[PDB]
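A short worksheet on the structure shown next.
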Amino acid sequence: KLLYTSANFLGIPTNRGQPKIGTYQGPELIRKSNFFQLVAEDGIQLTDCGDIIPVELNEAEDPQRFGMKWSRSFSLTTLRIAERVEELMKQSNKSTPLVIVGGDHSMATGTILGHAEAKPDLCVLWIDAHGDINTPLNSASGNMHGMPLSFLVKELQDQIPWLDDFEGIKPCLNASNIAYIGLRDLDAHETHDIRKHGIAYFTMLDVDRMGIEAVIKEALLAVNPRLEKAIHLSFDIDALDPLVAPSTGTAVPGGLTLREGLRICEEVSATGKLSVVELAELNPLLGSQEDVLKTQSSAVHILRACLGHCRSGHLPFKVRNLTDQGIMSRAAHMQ
Amino acid sequence: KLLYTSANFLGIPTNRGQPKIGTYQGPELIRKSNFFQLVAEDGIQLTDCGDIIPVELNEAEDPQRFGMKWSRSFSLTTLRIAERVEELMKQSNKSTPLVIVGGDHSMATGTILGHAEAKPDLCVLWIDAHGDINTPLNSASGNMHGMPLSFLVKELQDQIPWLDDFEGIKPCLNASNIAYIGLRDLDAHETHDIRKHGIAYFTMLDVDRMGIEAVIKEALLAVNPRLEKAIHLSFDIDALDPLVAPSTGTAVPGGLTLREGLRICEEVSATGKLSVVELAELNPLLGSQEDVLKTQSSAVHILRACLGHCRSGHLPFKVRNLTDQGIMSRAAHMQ
Amino acid sequence: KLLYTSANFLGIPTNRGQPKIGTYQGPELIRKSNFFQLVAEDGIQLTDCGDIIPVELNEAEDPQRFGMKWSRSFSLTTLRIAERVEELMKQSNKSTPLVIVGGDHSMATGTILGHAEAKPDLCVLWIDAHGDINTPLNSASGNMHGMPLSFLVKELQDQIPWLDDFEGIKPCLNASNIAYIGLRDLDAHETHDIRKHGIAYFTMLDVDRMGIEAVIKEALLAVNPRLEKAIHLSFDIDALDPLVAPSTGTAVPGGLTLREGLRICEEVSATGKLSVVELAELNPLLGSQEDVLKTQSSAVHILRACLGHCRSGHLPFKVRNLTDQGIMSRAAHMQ
Ligand SMILES: N[C@](CCCC[B-](O)(O)O)(CCN1CCCCC1)C(=O)O
Ligand SMILES: N[C@](CCCC[B-](O)(O)O)(CCN1CCCCC1)C(=O)O
Ligand SMILES: N[C@](CCCC[B-](O)(O)O)(CCN1CCCCC1)C(=O)O
Ligand SMILES: [Mn+2]
Ligand SMILES: [Mn+2]
Ligand SMILES: [Mn+2]
Ligand SMILES: [Mn+2]
Ligand SMILES: [Mn+2]
Ligand SMILES: [Mn+2]
């Protein structure tokens, strides 16, 4: 009756991928919610595997290199994440999805690296207002959370500066293994690289013209045609409209409705191939108390959909009967 | 020019169907609005028939029975509502719609009972995030507003515990006479009963995949194929997204847009078969002042659509002419 | 690579078309934003042409005439606007769009008058919750911002009272040159005139049933079939849902989503025929600080779309290369 009967939960409180303090509280925002209770109510055994501890160096240890901010904290954290995800995914070999809560999106380099170590032929569905595929010299901001895919994509490696501490970060993705949904604020050089190397992408313009149902279908068609590959679903909460997810660092108006977001996750879940889902860029320190509650709520509904929650309802495990308790029913009484 | 030239208005301030104080202020929230003025401006004669006084017993008189909270207050209130609705609907036999403002949704047992007494072959369109069809032993909450349909549906009576004071509450609905729109938070046993007895239902997943236009059509097709039956439209305000109706007790993210809600009401109205519309679960004591204003506004637009308001405009009753006032026009002056 | 490489920007702080103080701050709300910076980042040369100074008479000089409030301030302002727009549009003869920020919508009589002087065969796309086509004796409010089209439409001139100071305001539009999108709160006499004279209109009901893609297509088909005519896009910010544009004087629930608004502007822009776009009814003195920020944001995204911003991204003018800086890439290092 369930596609996934077990799941693992991992927190990754990354906060050195971008300058706004608070993404480190992301995992706790979800733990404080009713997520676990709701998942159990659906019959799923969810194991909290704790948090990864990011490496956070001081300024002296981690100066700017090629404009990148905290790049050694990044490289060390990436390797620590990858090791943990790899070992979690290998104990998993009905499959057992890994649910990851961030943390800023710089964590994705590590999670995908480790995931691909366990499952080399995976595909990536990237749900985001942003491309997150800036190579270091093209990044105006120097924020690592805008670069995580660039280190992973083989076709881009002539645009990545060599750093010794980045050697263990091996490019494990082909451009043909990635599909974007939700884009609406690409940098020019991202647009260039995406089009040049033929990365499948469906922006909010595409969602408007095609509808989310067709977009989801085409995205899966592009990178997982016959559902042969494990899916890495990388969900940036800022893919959703700021009206439903205001508490995040780089919000952009005109996003996915919660319903559109749910449809993406419902379809990905229903493939039976959801291997890892990560939810990035929750920041409970941004916005009002009600803003945080809305963002939390949206996140929980999204993550539930990923694990197979159905808005059309679930059947009970044991159907209750009235006579079993020795109780007279109205139907019984009338006869 | 008008499908309905007259209408009746009834308040039912039920608040013993659920524990949050404030649904009793629902009718006043609408009376305080510009609803009446706007309805008159469309040429409709709307008569305020006052409020039904719910029976509210004290704890000693109304202890828990079969887990139900305030079940004798419920049974007595149900009978009082039914008597009033029946007499209102029988004076009505262009038909004259009855507009009912709640009050929590437990009132629906009474309104439908009385309605069916006047019009036995009616159908029910239930617009709600919830099923409201829990039988008493399956209800974790014991809140009557989550059970009103269960006492009315004939196929469910082997699951209703017999109570003497419930005898006058006769099941008057076949499962085939009900269609849901907007569901997104069903209890497992509700899901079971709905599927088992073939109740037509269109959840938010269905709305996403089909679109609201097709959903409305299919819902009417399922329970009123040739528009032969009077329609009881039971509209829970929490069917709408919390962004447009935050002031309600059990809000669930990812609801109908106001526009989707308007389309439901516009189509139901246009059948010429709208016999009763009830609007449930307004709670002006929940949320901020602006939250209440939004919910009020959404409710007024919804109720106006039910009575035939057209967003594409109405024609004037008397067309004004310039020369009638003895005034020189620009066209006149240029000649 | 760009449809429009240059554009002009004009502020018109009209505030005598309606009684709520604050629309005069509209132009500054946009100047304070990052609009100019973002437009430049797309490669467009935008020239700020300053503000038009409206004529604002005192009460003694400008008493009510035919129920109209501030009608001489209106007639004088209209002529001053028209002169300025005409001279701006004639210096413009890749064309150079004129972007106008209001100001209440009464400015439209002046902007269209001047525009048509430069381009007599123009068409008008009116994006609004309201018709703004009340003739003076039918207007209950007397607010000029609800009448600007009535003075321009030739077919309506037998319903316009003659005033000497209105002589220079010559009707320059045929009813067949106008198409509405977004209507949802028409006055009865507006509905009458619109239907009587066959003005193309697509209300929110039409948007719901047809979808915005079809609506845009049909609107352009109705008034600009072969893209032969210059387009005057008159965008009332209250066309958008109050959830995304709360800071405006006459907000009506159930409006266009920001995305739907963007699609309108994206398609109009892509015709290559966008000649003038005006954005009306911004009022930074209404609503909360966050309300103003949302409205500002929505306005900037809308105006950017008009000038050709693409949500699917732009290509860089110069593609950056790694070796040009004398830097070793990862690809280089591995060989
Ligand atoms: N691409 C940006 C944003 C990165 C956000 C990372 B995410 O998706 O985890 O929140 C810069 C975006 N860009 C900035 C200026 C104007 C256009 C968009 C960057 O800093 O590289
Ligand atoms: N079905 C619920 C909600 C009833 C709401 C009545 B309405 O539609 O008038 O507002 C309980 C819902 N349920 C609770 C736990 C998790 C799943 C949903 C119940 O209490 O029976
Ligand atoms: N049509 C109205 C609104 C004008 C708004 C001008 B805009 O689009 O620049 O904001 C009156 C609307 N009308 C009022 C009563 C009920 C129905 C709608 C008027 O005052 O003429
Ligand atoms: Mn992002
Ligand atoms: Mn991201
Ligand atoms: Mn409900
Ligand atoms: Mn209900
Ligand atoms: Mn308007
Ligand atoms: Mn207007």
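Following the order of the structure tokens, first chain is A, next is B, and so on, with residues numbered from 1 inside each chain and ligands from 1 in the order they appear.
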
At a cut-off of 9 Å around ligand 3, and using only C-alpha atoms and all ligand atoms, what residues come up? Please write them as a PyMOL selection string. (chain B and resi 38+41) or (chain C and resi 17-18+104-106+127-135+138-148+184-188+190+236-239+248-251+280-281)

Can you write just those residues out, N, CA and C atoms, as a compact mmCIF listing (two decimals), in the first residue's frame?
# COMPACT_ATOMS: atom_id res chain seq x y z
N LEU B 38 -24.91 45.50 -1.62
CA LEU B 38 -24.43 45.04 -2.92
C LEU B 38 -25.45 44.14 -3.62
N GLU B 41 -28.17 46.28 -4.95
CA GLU B 41 -27.69 47.02 -6.11
C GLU B 41 -27.78 46.18 -7.38
N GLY C 17 -7.64 63.04 -9.40
CA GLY C 17 -8.60 62.18 -10.06
C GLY C 17 -9.34 61.32 -9.05
N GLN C 18 -8.88 61.36 -7.80
CA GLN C 18 -9.49 60.56 -6.74
C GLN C 18 -9.06 61.14 -5.39
N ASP C 104 -2.79 58.83 -10.34
CA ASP C 104 -4.05 58.12 -10.51
C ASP C 104 -4.39 58.06 -12.01
N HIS C 105 -5.35 57.22 -12.36
CA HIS C 105 -5.59 56.88 -13.76
C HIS C 105 -6.23 57.98 -14.60
N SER C 106 -6.58 59.11 -13.98
CA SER C 106 -7.14 60.22 -14.74
C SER C 106 -6.12 60.76 -15.74
N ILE C 127 -5.62 47.43 -18.84
CA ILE C 127 -5.52 46.38 -17.83
C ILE C 127 -5.97 46.94 -16.49
N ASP C 128 -7.11 46.47 -16.01
CA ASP C 128 -7.80 47.15 -14.92
C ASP C 128 -8.90 46.27 -14.33
N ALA C 129 -9.13 46.41 -13.03
CA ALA C 129 -10.31 45.82 -12.41
C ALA C 129 -11.55 46.62 -12.80
N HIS C 130 -11.34 47.86 -13.23
CA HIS C 130 -12.44 48.79 -13.52
C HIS C 130 -12.47 49.25 -14.97
N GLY C 131 -13.63 49.73 -15.42
CA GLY C 131 -13.79 50.16 -16.79
C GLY C 131 -13.23 51.54 -17.08
N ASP C 132 -13.22 52.41 -16.07
CA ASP C 132 -12.71 53.78 -16.21
C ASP C 132 -13.34 54.50 -17.40
N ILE C 133 -14.60 54.19 -17.68
CA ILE C 133 -15.24 54.69 -18.88
C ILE C 133 -16.62 55.26 -18.55
N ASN C 134 -16.82 55.59 -17.27
CA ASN C 134 -18.01 56.32 -16.86
C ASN C 134 -18.08 57.69 -17.52
N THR C 135 -19.23 58.01 -18.10
CA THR C 135 -19.50 59.37 -18.55
C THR C 135 -19.96 60.17 -17.34
N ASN C 138 -23.25 59.73 -15.26
CA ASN C 138 -23.50 58.39 -14.74
C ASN C 138 -22.58 58.05 -13.58
N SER C 139 -21.62 58.93 -13.30
CA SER C 139 -20.66 58.66 -12.24
C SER C 139 -21.20 59.04 -10.87
N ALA C 140 -21.40 58.05 -10.01
CA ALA C 140 -21.87 58.29 -8.65
C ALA C 140 -20.81 59.00 -7.80
N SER C 141 -19.54 58.77 -8.11
CA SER C 141 -18.45 59.26 -7.27
C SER C 141 -17.97 60.66 -7.67
N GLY C 142 -18.02 60.97 -8.96
CA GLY C 142 -17.48 62.23 -9.45
C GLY C 142 -15.97 62.23 -9.56
N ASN C 143 -15.35 61.08 -9.30
CA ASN C 143 -13.90 60.96 -9.39
C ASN C 143 -13.44 60.78 -10.83
N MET C 144 -12.59 61.69 -11.30
CA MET C 144 -12.16 61.71 -12.69
C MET C 144 -11.41 60.45 -13.12
N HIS C 145 -10.79 59.74 -12.18
CA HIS C 145 -9.98 58.58 -12.53
C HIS C 145 -10.87 57.40 -12.95
N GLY C 146 -12.18 57.56 -12.75
CA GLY C 146 -13.15 56.58 -13.23
C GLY C 146 -13.78 56.96 -14.55
N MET C 147 -13.32 58.07 -15.14
CA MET C 147 -13.87 58.54 -16.40
C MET C 147 -12.90 58.75 -17.60
N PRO C 148 -11.60 58.40 -17.47
CA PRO C 148 -10.70 58.96 -18.50
C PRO C 148 -10.96 58.52 -19.95
N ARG C 184 -13.46 43.29 -13.19
CA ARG C 184 -14.23 42.55 -12.21
C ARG C 184 -15.12 43.44 -11.34
N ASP C 185 -15.11 44.74 -11.57
CA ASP C 185 -15.99 45.63 -10.81
C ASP C 185 -16.52 46.78 -11.67
N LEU C 186 -17.21 46.43 -12.75
CA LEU C 186 -17.84 47.41 -13.63
C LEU C 186 -19.09 48.03 -13.01
N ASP C 187 -19.30 49.32 -13.27
CA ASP C 187 -20.58 49.94 -12.99
C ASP C 187 -21.56 49.55 -14.10
N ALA C 188 -22.85 49.53 -13.77
CA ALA C 188 -23.89 49.10 -14.71
C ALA C 188 -23.85 49.87 -16.03
N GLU C 190 -21.32 51.44 -17.33
CA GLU C 190 -20.11 51.05 -18.05
C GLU C 190 -20.37 49.78 -18.86
N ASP C 236 -3.45 49.50 -14.89
CA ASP C 236 -3.85 49.88 -13.53
C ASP C 236 -3.32 48.80 -12.59
N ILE C 237 -2.53 49.20 -11.59
CA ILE C 237 -1.94 48.23 -10.68
C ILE C 237 -3.02 47.42 -9.95
N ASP C 238 -4.24 47.96 -9.84
CA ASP C 238 -5.31 47.24 -9.15
C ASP C 238 -5.92 46.14 -10.02
N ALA C 239 -5.41 45.99 -11.24
CA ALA C 239 -5.75 44.82 -12.05
C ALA C 239 -5.22 43.57 -11.35
N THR C 248 -3.06 50.42 -3.17
CA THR C 248 -3.76 51.11 -4.24
C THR C 248 -5.17 51.43 -3.73
N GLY C 249 -5.79 52.47 -4.30
CA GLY C 249 -6.99 53.05 -3.74
C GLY C 249 -8.29 52.27 -3.83
N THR C 250 -8.47 51.51 -4.90
CA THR C 250 -9.71 50.77 -5.09
C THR C 250 -9.42 49.30 -5.40
N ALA C 251 -8.88 48.60 -4.41
CA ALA C 251 -8.51 47.20 -4.56
C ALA C 251 -9.74 46.29 -4.61
N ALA C 280 -0.66 52.91 -13.49
CA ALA C 280 -1.47 53.84 -12.70
C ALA C 280 -1.85 53.31 -11.32
N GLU C 281 -2.16 54.26 -10.43
CA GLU C 281 -2.83 54.02 -9.15
C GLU C 281 -1.95 53.42 -8.05

Check: which chain C residues lie within 8 Å of chain B using only C-alpha atoms, as a PyMOL selection string: chain C and resi 137-138+157-163+183-189+191-192+203-205+208-209+253-254

Looking only at strand (DSSP E) from DSSP on the backbone, list the matching residues of region 229-258 of chain B as a list in words.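 Selection result, strand (DSSP E) within region 229-258 of chain B: residues 231, 232, 233, 234, 235 and 236 of chain B.
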
Residue among C:182, C:27, C:174, C:16 lying closest to residue 198 (chain C), counting only C-alpha atoms: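 Of C:182, C:27, C:174, C:16, the one nearest residue 198 (chain C), counting only C-alpha atoms, is C:174.
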
Have a look at B:26, B:63, B:70, B:84 and name the one nearest to residue 49 (chain B); count only C-alpha atoms.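 Of the candidates, the smallest distance to residue 49 (chain B) is held by B:84.
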
Using only C-alpha atoms, which protein or nucleic acid residues come within 7 Å of residue 180 (chain C)? Drop anything in the same chain fewer than 6 positions from it, and give the result as a list in words. residues 125, 126, 127, 200, 201 and 202 of chain C

Okay, now the selection with N, CA and C atoms, as an mmCIF file, in the first residue's frame?
data_model
loop_
_atom_site.group_PDB
_atom_site.id
_atom_site.type_symbol
_atom_site.label_atom_id
_atom_site.label_comp_id
_atom_site.auth_asym_id
_atom_site.auth_seq_id
_atom_site.Cartn_x
_atom_site.Cartn_y
_atom_site.Cartn_z
ATOM 1 N N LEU C 125 -4.641 48.848 -24.936
ATOM 2 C CA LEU C 125 -4.888 47.696 -24.074
ATOM 3 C C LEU C 125 -5.027 48.175 -22.636
ATOM 4 N N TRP C 126 -6.221 48.018 -22.075
ATOM 5 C CA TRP C 126 -6.534 48.583 -20.767
ATOM 6 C C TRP C 126 -6.611 47.482 -19.715
ATOM 7 N N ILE C 127 -5.615 47.432 -18.836
ATOM 8 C CA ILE C 127 -5.525 46.379 -17.831
ATOM 9 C C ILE C 127 -5.967 46.937 -16.493
ATOM 10 N N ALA C 200 -14.116 45.352 -27.108
ATOM 11 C CA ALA C 200 -13.595 44.051 -26.705
ATOM 12 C C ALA C 200 -13.236 44.076 -25.223
ATOM 13 N N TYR C 201 -13.695 43.081 -24.477
ATOM 14 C CA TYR C 201 -13.360 43.041 -23.065
ATOM 15 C C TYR C 201 -13.243 41.612 -22.567
ATOM 16 N N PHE C 202 -12.264 41.402 -21.703
ATOM 17 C CA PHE C 202 -12.013 40.093 -21.136
ATOM 18 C C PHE C 202 -11.899 40.264 -19.636
#

Please identify all polymer residues within 12 Å of region 58-60 of chain C, counting only C-alpha atoms, omitting same-chain residues fewer than 5 positions from it, and present them as a PyMOL selection string. chain C and resi 16+65+69-73

Surrounding residues of residue 169 (chain C) excluding itself and chain neighbours under 4 positions, 8 Å, only C-alpha atoms, as an MDAnalysis selection string: chainID C and resid 75 78:79 113 151:152

With N, CA and C atoms retained, export the selected residues as a PDB file, in the first residue's frame.
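Saved as part_33.pdb:
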ATOM      1  N   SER C  75      -8.947  69.117 -16.923  1.00  0.00           N
ATOM      2  CA  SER C  75      -8.851  69.559 -18.315  1.00  0.00           C
ATOM      3  C   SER C  75      -7.514  70.238 -18.591  1.00  0.00           C
ATOM      4  N   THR C  78      -4.774  67.530 -18.340  1.00  0.00           N
ATOM      5  CA  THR C  78      -4.860  66.688 -19.531  1.00  0.00           C
ATOM      6  C   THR C  78      -4.112  67.311 -20.707  1.00  0.00           C
ATOM      7  N   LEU C  79      -4.317  68.608 -20.911  1.00  0.00           N
ATOM      8  CA  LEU C  79      -3.667  69.309 -22.011  1.00  0.00           C
ATOM      9  C   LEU C  79      -2.161  69.422 -21.789  1.00  0.00           C
ATOM     10  N   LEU C 113      -4.209  61.067 -25.485  1.00  0.00           N
ATOM     11  CA  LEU C 113      -4.395  62.198 -26.392  1.00  0.00           C
ATOM     12  C   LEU C 113      -3.079  62.588 -27.062  1.00  0.00           C
ATOM     13  N   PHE C 151     -13.979  60.444 -22.435  1.00  0.00           N
ATOM     14  CA  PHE C 151     -13.702  61.660 -23.188  1.00  0.00           C
ATOM     15  C   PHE C 151     -12.956  61.375 -24.491  1.00  0.00           C
ATOM     16  N   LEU C 152     -12.418  60.164 -24.615  1.00  0.00           N
ATOM     17  CA  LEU C 152     -11.581  59.803 -25.757  1.00  0.00           C
ATOM     18  C   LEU C 152     -12.337  59.004 -26.810  1.00  0.00           C
TER      19      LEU C 152
END

List as a PyMOL selection string the protein and nucleic acid residues near residue 85 (chain A), meaning an atom at most 9 Å away when only C-alpha atoms are counted, but skip any in the same chain fewer than 6 places from it. chain A and resi 10+98+110-115+118

Residue subset to file, keeping N, CA and C atoms, as a PDB file, in the first residue's frame:
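The new file result-v2.pdb reads:
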ATOM      1  N   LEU A  10      17.859  13.676   7.799  1.00  0.00           N
ATOM      2  CA  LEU A  10      19.158  14.254   8.113  1.00  0.00           C
ATOM      3  C   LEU A  10      19.096  15.773   8.054  1.00  0.00           C
ATOM      4  N   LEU A  98      16.097   9.239   1.543  1.00  0.00           N
ATOM      5  CA  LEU A  98      16.764  10.074   2.527  1.00  0.00           C
ATOM      6  C   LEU A  98      16.227  11.491   2.407  1.00  0.00           C
ATOM      7  N   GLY A 110      27.853  18.554  -1.667  1.00  0.00           N
ATOM      8  CA  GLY A 110      28.182  17.423  -0.821  1.00  0.00           C
ATOM      9  C   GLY A 110      27.157  16.305  -0.890  1.00  0.00           C
ATOM     10  N   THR A 111      25.875  16.661  -0.863  1.00  0.00           N
ATOM     11  CA  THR A 111      24.829  15.644  -0.844  1.00  0.00           C
ATOM     12  C   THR A 111      24.790  14.882  -2.164  1.00  0.00           C
ATOM     13  N   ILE A 112      24.973  15.589  -3.273  1.00  0.00           N
ATOM     14  CA  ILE A 112      24.948  14.953  -4.585  1.00  0.00           C
ATOM     15  C   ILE A 112      26.203  14.102  -4.803  1.00  0.00           C
ATOM     16  N   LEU A 113      27.351  14.609  -4.360  1.00  0.00           N
ATOM     17  CA  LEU A 113      28.604  13.861  -4.448  1.00  0.00           C
ATOM     18  C   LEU A 113      28.494  12.517  -3.732  1.00  0.00           C
ATOM     19  N   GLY A 114      28.014  12.546  -2.494  1.00  0.00           N
ATOM     20  CA  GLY A 114      27.842  11.331  -1.720  1.00  0.00           C
ATOM     21  C   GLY A 114      26.772  10.424  -2.297  1.00  0.00           C
ATOM     22  N   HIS A 115      25.670  11.019  -2.738  1.00  0.00           N
ATOM     23  CA  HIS A 115      24.581  10.256  -3.339  1.00  0.00           C
ATOM     24  C   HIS A 115      25.063   9.495  -4.571  1.00  0.00           C
ATOM     25  N   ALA A 118      27.010   6.306  -4.084  1.00  0.00           N
ATOM     26  CA  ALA A 118      26.161   5.140  -3.885  1.00  0.00           C
ATOM     27  C   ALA A 118      25.396   4.781  -5.157  1.00  0.00           C
TER      28      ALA A 118
END

For residue 308 (chain A), list every protein, DNA or RNA residue within 10 Å, evaluated using only C-alpha atoms, and leave out those in the same chain fewer than 6 positions away; present the list as a PyMOL selection string. chain A and resi 2-5+39+42+44+265-270+272

Let me see the file: selected residues, N, CA and C atoms, as an mmCIF file, in the first residue's frame.
data_model
loop_
_atom_site.group_PDB
_atom_site.id
_atom_site.type_symbol
_atom_site.label_atom_id
_atom_site.label_comp_id
_atom_site.auth_asym_id
_atom_site.auth_seq_id
_atom_site.Cartn_x
_atom_site.Cartn_y
_atom_site.Cartn_z
ATOM 1 N N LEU A 2 2.104 1.121 0.457
ATOM 2 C CA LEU A 2 3.035 2.244 0.491
ATOM 3 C C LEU A 2 4.202 2.017 -0.460
ATOM 4 N N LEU A 3 4.571 3.059 -1.194
ATOM 5 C CA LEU A 3 5.721 2.990 -2.083
ATOM 6 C C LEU A 3 7.006 2.967 -1.264
ATOM 7 N N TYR A 4 7.042 3.800 -0.228
ATOM 8 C CA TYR A 4 8.154 3.830 0.714
ATOM 9 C C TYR A 4 7.628 3.605 2.127
ATOM 10 N N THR A 5 8.102 2.552 2.785
ATOM 11 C CA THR A 5 7.637 2.228 4.130
ATOM 12 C C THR A 5 8.597 2.752 5.189
ATOM 13 N N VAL A 39 4.023 12.008 9.346
ATOM 14 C CA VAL A 39 4.624 10.964 8.529
ATOM 15 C C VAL A 39 4.334 9.595 9.138
ATOM 16 N N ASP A 42 0.873 8.304 8.517
ATOM 17 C CA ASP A 42 0.675 7.716 7.190
ATOM 18 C C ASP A 42 1.241 6.293 7.092
ATOM 19 N N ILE A 44 4.567 5.442 7.740
ATOM 20 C CA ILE A 44 5.975 5.422 7.357
ATOM 21 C C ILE A 44 6.891 5.453 8.582
ATOM 22 N N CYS A 265 6.411 17.258 -6.308
ATOM 23 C CA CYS A 265 6.831 16.266 -5.330
ATOM 24 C C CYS A 265 5.980 14.998 -5.391
ATOM 25 N N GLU A 266 4.682 15.159 -5.634
ATOM 26 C CA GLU A 266 3.775 14.019 -5.715
ATOM 27 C C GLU A 266 4.153 13.116 -6.889
ATOM 28 N N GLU A 267 4.492 13.727 -8.019
ATOM 29 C CA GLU A 267 4.858 12.966 -9.211
ATOM 30 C C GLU A 267 6.231 12.321 -9.070
ATOM 31 N N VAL A 268 7.179 13.056 -8.498
ATOM 32 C CA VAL A 268 8.513 12.512 -8.265
ATOM 33 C C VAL A 268 8.435 11.333 -7.298
ATOM 34 N N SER A 269 7.670 11.506 -6.227
ATOM 35 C CA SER A 269 7.458 10.436 -5.260
ATOM 36 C C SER A 269 6.860 9.191 -5.924
ATOM 37 N N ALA A 270 5.853 9.405 -6.766
ATOM 38 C CA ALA A 270 5.097 8.313 -7.376
ATOM 39 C C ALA A 270 5.898 7.517 -8.406
ATOM 40 N N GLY A 272 8.524 6.039 -7.714
ATOM 41 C CA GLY A 272 9.160 4.979 -6.955
ATOM 42 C C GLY A 272 10.671 5.116 -6.963
#

Those in region 74-297 of chain C with helix (DSSP H, G or I) from DSSP, as a ChimeraX atom specification: /C:74-91,105-118,136-138,144-146,154-156,164-166,175-177,188-196,204-210,212-223,237-239,258-270,289-297

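Between CA of residue 275 (chain A) and CA of residue 232 (chain A) there is a distance of 6.0 Å.
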
CA of residue 218 (chain C) to CA of residue 216 (chain A) measures 28.0 Å
